[PDB]
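Undergrad: Chains as they are written, first to last, in the deposited numbering: chain A, 1142 to 1147; chain B, 1093 to 1147; chain C, 897 to 945.
I'd like to ask some things about the structure below.
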Amino acid sequence: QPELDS
Amino acid sequence: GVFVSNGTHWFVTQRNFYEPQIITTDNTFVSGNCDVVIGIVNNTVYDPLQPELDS
Amino acid sequence: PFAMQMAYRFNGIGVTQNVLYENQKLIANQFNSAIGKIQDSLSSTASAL
Ligand SMILES: *[C@@H]1O[C@H](CO)[C@@H](O[C@@H]2O[C@H](CO)[C@@H](O)[C@H](O)[C@H]2NC(C)=O)[C@H](O)[C@H]1NC(C)=O
Ligand SMILES: *[C@@H]1O[C@H](CO)[C@@H](O[C@@H]2O[C@H](CO)[C@@H](O)[C@H](O)[C@H]2NC(C)=O)[C@H](O)[C@H]1NC(C)=O
Ligand SMILES: *[C@@H]1O[C@H](CO)[C@@H](O)[C@H](O)[C@H]1NC(C)=O
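Written out as structure tokens, the structure reads:
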């Protein structure tokens, strides 16, 4: 989740 | 584990205790095409990053 | 079923089970040839007993 916050 | 059917749906369970779960890409692996395995069955494999977790 | 059991015995020696489902006919042929070789090295006069 706290990388794929596109 | 093993793929089993209750008559209508398809699950994956361990071998010495019946505990059915939903077939996703986390408890399976991919190798090859659908024409070499004798007895392959058409179902669907669930992708656990696309319920809503498309941001 | 017997092929699904052979796949677990393959899984138990370190080979994956898609290796058995890919090469299934070849493996069944090699087994049948080896059993046939047993039964005529027994019928000849080679005293193994
Ligand atoms: C096979 O399994 C599926 C999934 O567990 C069953 O579908 C469920 O049936 C119950 C009724 O007791 C419903 O409350 C659920 O909503 C159903 N699940 C889904 C995802 O729709 C199905 O009934 C089972 N079939 C048999 C013959 O046991
Ligand atoms: C499993 O699913 C595939 C498609 O996902 C089926 O392949 C189709 O088969 C029919 C008739 O054999 C053809 O008319 C289609 O063109 C095929 N689709 C493709 C994309 O090639 C396959 O037959 C299914 N198997 C079973 C047993 O239902
Ligand atoms: C089970 O046997 C039937 C013939 O009785 C065959 O059509 C089917 O493909 C077999 N299922 C497998 C090998 O999963």
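Where a beta carbon is used, it is the ideal one built from N, C-alpha and C, also for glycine.
Could you check whether the Cβ of B:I1130 sits closer than 7 Å to any heavy atom belonging to ligand 3?
TA: As a first step, residue 1130 of chain B must be located in the second sequence, where it is residue number 38. At least one heavy atom of ligand 3 is nearer than 7 Å to the Cβ of B:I1130, so yes.
Undergrad: Going by alpha carbons, who is nearest to B:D1139 out of B:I1115, B:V1128, B:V1129, B:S1123?
TA: As a working mapping, residue 1139 of chain B is identified with position 47 in the second sequence. Out of B:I1115, B:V1128, B:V1129, B:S1123, B:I1115 has the C-alpha closest to the C-alpha of B:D1139.
Undergrad: Identify every residue that forms a DSSP beta bridge with B:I1114.
TA: To locate residue 1114 of chain B, count along the second sequence from 1; it is residue 22. Bridge partners of B:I1114: B:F1103.
Undergrad: Just the C-alpha distance for C:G910 and C:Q901, rounded to the nearest angstrom, thanks.
TA: Taking the third sequence and counting its residues from 1, the one referred to as residue 910 of chain C is at position 14. Taking the third sequence and counting its residues from 1, the one referred to as residue 901 of chain C is at position 5. Near 15 Å, if we compare the C-alpha coordinates of C:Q901 and C:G910.
Undergrad: In chain order, what residues of the same chain lie with their CB nearer than 8 Å to the CB of C:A944, ignoring the 5 residues before and after it?
TA: The sequence position of residue 944 of chain C within the third sequence is 48, counting from 1. Result list for C:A944: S937, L938, in chain order.
Undergrad: Mind listing which residues have their beta carbon within less than 7 Å of any non-hydrogen atom of ligand 1? Chain order is fine.
TA: In chain order, the qualifying residues are B:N1098, B:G1099, B:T1100, B:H1101.
Undergrad: My assumption, with CB atoms under 8 Å, is that B:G1093 sits in contact with C:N914. Please give the rounded CB distance.
TA: By one-based count along the second sequence, residue 1093 of chain B stands at place 1. By one-based count along the third sequence, residue 914 of chain C stands at place 18. Wrong, their Cβ atoms sit about 15 Å apart, outside the cutoff.
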